[PDB]
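Just one chain follows, in the form deposited in one PDB entry, and it is written as structure tokens.
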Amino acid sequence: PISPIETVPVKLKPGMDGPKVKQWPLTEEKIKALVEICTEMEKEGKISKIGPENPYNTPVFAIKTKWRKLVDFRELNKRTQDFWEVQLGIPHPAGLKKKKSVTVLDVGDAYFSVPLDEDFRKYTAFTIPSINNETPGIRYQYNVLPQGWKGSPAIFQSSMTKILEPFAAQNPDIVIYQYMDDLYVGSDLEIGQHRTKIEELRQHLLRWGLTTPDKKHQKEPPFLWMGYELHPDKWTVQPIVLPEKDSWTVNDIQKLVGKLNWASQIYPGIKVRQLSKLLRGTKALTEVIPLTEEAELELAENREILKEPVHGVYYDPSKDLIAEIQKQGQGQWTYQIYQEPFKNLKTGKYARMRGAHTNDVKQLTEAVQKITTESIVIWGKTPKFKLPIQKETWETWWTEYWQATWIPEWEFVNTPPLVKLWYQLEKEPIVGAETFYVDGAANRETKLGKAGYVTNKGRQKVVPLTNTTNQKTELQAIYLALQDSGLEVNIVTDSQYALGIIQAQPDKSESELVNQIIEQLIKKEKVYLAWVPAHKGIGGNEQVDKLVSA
């Protein structure tokens, strides 16, 4: 059935004309198939036989029991205007509101049920080949939205929105989601009258030309939908299958982090950090990537968790929204969102370093941020946060932190591991502590170098360093002073690089050196770190410079 819906006007991209792709010849069986499909389509008004003056063409083919006609609109799609991008995201099951009754209608032949702008039909012309070009072929054109054309999804959705409006207007109880050529209808009517309202909507759509599945012919729960399983009281993902392989390609790993990512929206604890590190060798999708020990342990732990089954619940707007976050170690975080205490709407992870060096509080605040953005998209509000960090810890951090930060309303939940500041630098020099003047240097050519110090108690030292950079040596100088000092030390450096990295107070790094410094700073009681401009003869600094340069 074709629609008395009005048509959307369509233009080609300015300065382009219609496609003229020649028709490849076909086997006499495929040619008979198209003749019978095209005459059945001609009868229903979906296409019309055209004169000889149409200069356009698009190749057509056949394939299979039932033969199906397929047209290659690649060249026309390159030439037609842009449309309002159809919906990219999809509804997230954790955002669906709980409903007593739910129905799934598949609109059949959806695109072919919608008229196509008159002036644009000429550019859809195609041709059924004649046997051995003995005579001319049969010219046809479309009068409805072709399958595979660029405009069809957006104009069909447009048309379907308009069609539904009058029925929605006189039924403010029913809720209709549209998605592709489907509609999902929910209500809290008695299943009897809900079966009635469904039958009305079916007839409304059948008047606008939209066939819909006979009741007692329409899908039943649980629904396999976009990788999900939707039961009437709960949802979960479809079963995930992680391959066992002796070797792993770049492509194999991408497929693996993919499925785990997917699993993490309801399976708490999924980790992908060590696995995704492997792909920093972005190369041919064929390059075999030897696995790490940490990547073996990660993947093994994931299989453990995937062994038990999990489910999420649906959303009730009257209940609060709540997010809890727990540390997972090695910079990986995990979170749940729920309204009632063990009934999760969904879960997820957060592991990004986004920088070489970070610390736990910064990562926790980033995790709260990712949840906040996700809650808005999914429910249109932000949750209350339950977080394993005390107000004193977070207040001290966000107050000293040079960057601006938004602290949601949250409550301390006492569930170790808690988030803490493993150390804090002094804000004022330390009296009675030895003052180390540090420096390092390397030859930018030979990459050999040295780190050393000169203190106020008269101690001096120089350590030789191989295959290093000026930057690494400047941290090495600081590391040396930590190693050789008592529990309180004032260090003075001329290195803005090294100052910046320590003042940021990381507790975790990709650098082996920086991890070592961190271990030292924790064991100290008081460290003060101070900066002076290089090569200005300050004193302390001047002597280490002369030392380390000789």
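One-based numbering along the sequence shown.
Another form exists, solved in complex with a small molecule; not displayed. Remarks below refer to it.
Asks: Does at least one non-hydrogen atom of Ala534 fall within 4.5 angstroms of the small molecule in the deposited bound form?
Replies: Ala534: contacts the small molecule in the deposited bound form.
Asks: Can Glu298 be called a contact residue for the small molecule in the deposited bound form at 4.5 Å between heavy atoms?
Replies: So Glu298 does not count as contacting the small molecule.
Asks: Indicate whether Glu474 is a 4.5 Å heavy atom neighbour of the small molecule in the deposited bound form.
Replies: Yes - in the deposited bound form, heavy atoms of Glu474 and the small molecule come within 4.5 Å of each other.
Asks: Taking the small molecule as it sits in the deposited bound form, is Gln496 in contact with it (heavy atom to heavy atom, 4.5 Å or less)?
Replies: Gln496 belongs to the contact set for the small molecule.
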